[PDB]
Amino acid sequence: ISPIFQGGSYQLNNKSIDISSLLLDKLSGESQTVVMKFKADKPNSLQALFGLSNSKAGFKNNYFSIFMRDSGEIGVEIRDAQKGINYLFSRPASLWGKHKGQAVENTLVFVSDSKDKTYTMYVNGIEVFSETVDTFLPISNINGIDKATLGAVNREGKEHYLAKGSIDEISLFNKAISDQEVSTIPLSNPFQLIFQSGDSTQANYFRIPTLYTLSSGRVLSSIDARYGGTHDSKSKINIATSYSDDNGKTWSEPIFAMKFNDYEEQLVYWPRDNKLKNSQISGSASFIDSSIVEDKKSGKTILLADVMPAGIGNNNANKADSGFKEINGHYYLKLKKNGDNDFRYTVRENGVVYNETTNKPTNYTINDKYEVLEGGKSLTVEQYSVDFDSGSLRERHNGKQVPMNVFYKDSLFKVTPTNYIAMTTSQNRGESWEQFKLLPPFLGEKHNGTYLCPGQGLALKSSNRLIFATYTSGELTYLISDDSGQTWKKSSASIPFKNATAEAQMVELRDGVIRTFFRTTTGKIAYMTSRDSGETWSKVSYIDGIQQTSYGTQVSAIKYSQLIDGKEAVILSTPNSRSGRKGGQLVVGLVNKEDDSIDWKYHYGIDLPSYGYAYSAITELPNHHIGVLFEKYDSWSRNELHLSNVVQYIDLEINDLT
């Protein structure tokens, strides 16, 4: 239908614009839709874009507003003191500020639906909240409304929440427009989604993006598909992948690289309230933190990720056990049978389950999918599903049988509850993935596994060497393969931090010379250098000119193929903030050929200093553009948990950065 009111080109310069005479007499009925196209690249801390209020003395709390914060949060207030109603609905990290030196036109759609008693907000084609209430308050039914305002709310005759920005277009409808109609509204998005709520993964949340450009020109991406909100393991998380054959313009429907089936793939809206937001799926196995590399010789794509048994995460993982038993310089996966209090079994040659106590083979075997067979017959367990129907998180059997896996809660034979690393490969550049296999332990029988550094592995340009960085307490542990990932050895590099999440990414500065950039506990990104293809490593130095928080954030890094200002270039991606995960930047460093030192010469701001930017992936696209897939929110903040569609993709050119 046609709008009851439509206006545009409104400049909000800390001075409200009164549109009462244009709009108030046109409002009718209990349902309304507001469509607003707006810019704000220099917002005040808290500002109202649109207001309907009772501006009379004594009615200060009778108003409707659409507001935003300089954090990028968007929301509404719907308040009527006589009715005793004070609704506040909002979501952090819903907005764009600037892209390539230009203010971004955000397209906001707010639907106030009396029939279903629901208020729904979309921004840039993404639903950011949908709130159903017992007692509906139509925005036009607030007692004594006498003002309609842009760029403030008029309360007791004064301008509150003054805004800096512009409203290019605003439209109001006396109808709650349908989900279908919303989808038809044109958008001006600076970003794309590769993974998103409702896609083939059926995860409502995603974290830990990766990107890697393959030799064919295909660009591949992996990610954590996180089902139980955005929580780290313990949870249900799978690793998903998608690729682009057109320089990032379009992306394939995701598939899984690594997945477990003990719990259903459920699209769930995770509670964001203070009582329930820490609810965590507690009985599911999961994968977490993937990394990809391409092997030139075999042409294989290799993907590693951490593997967590049912109910296990970093916090509760057995720190003094690898999960393997060494027997004659060979490692065997240990198993515990239900009823036993110790691990009396190992998985020997050909998947045979062997009793270590009696030194006899059993009638059980483990297949290549880590599934349990008895006398050759596949055992099953019942799958779990999760719900909040009862007011709290419940995990319960759903009637479906799935193969019994040694990583599952219900399995007859269980692995040691600690963290592992697994590897899978693809022989068709991400169209399908093989069954994963566990890597061996690298730091001995009685040390838990190291943690994979998410992002890219490194394929040395002048040899067949492949390297994946990992970390543990007190060191980076580089995993090195010269045979297409068939066998691995470690190279340890001590770092002067205990208990750091030392996520590290590598660039080959020149043949045989690797620089590794990594997260620390000091507020500065660190680096170390190898001049022998990763055999040995320098002491740790720090990058001046970029700030991180004390807890740090993953940093991505590539070696750019083209000269910049006549020099070899490295590009880093990281938040640049001592305060939070925000102020995302790409930082261009020029290498000095004399001493391999790097002049960090250009800093490109991804969006506002105050807008969220966390884990990130960068790659040089085949056309020499840069693709960036990143968490556009503060993935540390306890206020920004469980947001959907915030991992986003953009395309940049070197000219944009410099």
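Residue numbers here begin at 1 and follow the sequence given.
For the two regions 547-555 and 167-175, the entry's Cα B-factors average higher over 167-175.
Taking only CA atoms, the mean B-factor in the PDB entry is higher for 6-14 than for the other of 630-638 and 6-14. The residue among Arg155, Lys147, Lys98, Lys369 whose C-alpha atom has the highest B-factor in the PDB entry is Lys369.
The residue among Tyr471, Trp537, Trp251, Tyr331 whose C-alpha atom has the highest B-factor in the PDB entry is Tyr331. Per-chain ranking of the deposited C-alpha B factor places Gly612 in the lowest third. Residue-level temperature factors show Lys325 in the highest third of its chain, judged at the C-alpha atom.
Ranked by Cα temperature factor within the chain, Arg91 sits in the lowest third according to the deposited record. For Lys83, the recorded CA temperature factor ranks within the highest third of the chain's modelled residues. When all modelled residues of the chain are sorted by CA temperature factor, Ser53 is found within the middle third.
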